[PDB]
């Protein structure tokens, strides 16, 4: 038995970790109104993506990996000698990536594919990859890993803010948010993931109070966990995520793991400018 762990690009793992563990990635893409298509990777300058989105008369669209991209990656790993492939996917509630990766796995001969629905995105999805890799090194078998990731999923989540719901409304990735869209004053929406979908949580009077609300909501949840990893997941306002990261480092005991990450282009296209997430996992994830 020889187990590989792979993922799609929206896990937004650092290039350092992708390099160290040779993590294969099925990339998603974003298409601009001028017909320019860009596949996700860590060579794309995120600042350049935000500049093009700002200069776009129409919001860019995104695309999951094609089923043939999964198949090509599975065939490559099989032919290097892997017998089993763990696949960590973006939430099935917001993308067809997961179901595609499962159907691709059914079609590929000579290798076992174990597709896993993270029910989240960004480095929270990425934590499932890092957990799976750790378990493979410890000698676990694929079904034990899948069982452990399924348990991890029960104590994982995220809250987030955006400047405006127009990007999420345009793509249909905000669930049950009709009355707020285009009806906000200074008030800022706080959103959260629930069972793989993005739903409203609270409306707050200002952005600064919304960032305070992210911290309060998450700290109230994770105080009941035996282990805690928090991720600040920042969008285009560097100082917003950096401020929250530093405040978490002050407010939290060192027994909590507190880390910083950023959204890539595909998630940015759906959030728009001003996105900022606080994610949590009730595990001590190996981040090195």
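Positions refer to the first chain, counted from 1.
- In every other compared PDB entry of this protein that covers both flanking sides, residue 114 is modelled, so it falls short of the one-third threshold for missing coordinates.
- Missing-residue comparison: residue 182 falls in the unmodelled set for a third or more of the other PDB entries checked.
- In this entry, 201 to 209 has the higher mean Cα B-factor, the comparison being between 201 to 209 and 88 to 96.
- The question of which stretch, 61 to 69 or 35 to 43, has the higher mean Cα B factor is settled in favour of 35 to 43.
- Ranking 216, 131, 188, 114 by Cα temperature factor from the entry places 188 first.
- Based on the entry's C-alpha B-factors, the most elevated value among 103, 144, 156, 167 belongs to 144.
- Residue 107 sits in the highest third of its chain by CA B factor, as recorded in the PDB entry.
- When the modelled residues of the chain are ordered by C-alpha B-factor, residue 163 sits in the highest third.
- Remark: residue 184 belongs to the highest third of its chain, ranked by C-alpha B-factor as recorded.
- Sort the chain's modelled residues by C-alpha temperature factor and residue 178 lands in the highest third, per the entry.
- The deposited CA B-factor of residue 252 belongs to the middle third of values across its chain.
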